[PDB]
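Coming up is one lone chain in structure tokens, specifically the form deposited in one PDB entry.
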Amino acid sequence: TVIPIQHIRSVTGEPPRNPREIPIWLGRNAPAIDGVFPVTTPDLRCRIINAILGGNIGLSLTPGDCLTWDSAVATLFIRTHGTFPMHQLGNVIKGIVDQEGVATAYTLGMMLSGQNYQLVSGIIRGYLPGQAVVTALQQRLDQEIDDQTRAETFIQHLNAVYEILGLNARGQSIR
């Protein structure tokens, strides 16, 4: 095969030069890249990741690393931050909430941790924008069946509760 790199690299754009911003940059373009091209085999994830990173030192992956987007995003964290990602999940989540917003930090949160709803849910509930929201969001997530049902319906609920109070993704008033 040959990967359509002309296209994939228009969705994504050019990467950040500060190289401990990279795992979060690749983390939040992954959903888009999967729409524009079906990435099925770990060989193609590795090929795509290595193409879009270009000439950066020590930052090529192996197909061993790139089994899921998570596993890859965790491996590029370990080679930049030095630590494992799940020895500072708290600080990383808080840092994203402040720049990008809750629905972003939720998403990267469950890439880095490894689809651990319990933990990431609890760390986020900390950084929600005001007490009122926290109570609102909680009663919606308590009326699902399982924690498997809650990890699909979490963004759907946050987006409904922010409509009522009139806030804007980054958690500021529209009003």
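Residue indices: 1-based, along the sequence shown.
Here the subject shifts to the form deposited in another entry, a form of this protein not shown in this document.
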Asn159 and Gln118 - when the change between this form and the one not shown is described as two rigid parts, are they grouped together?
yes
Might you say whether the CA atoms of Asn116 and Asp34 end up closer or farther apart in the other form than in this form? Their distance differs by 3 Å or more.
farther
Shown form as baseline, in the other form, CA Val73-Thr104 shift of 3 Å or more puts them closer
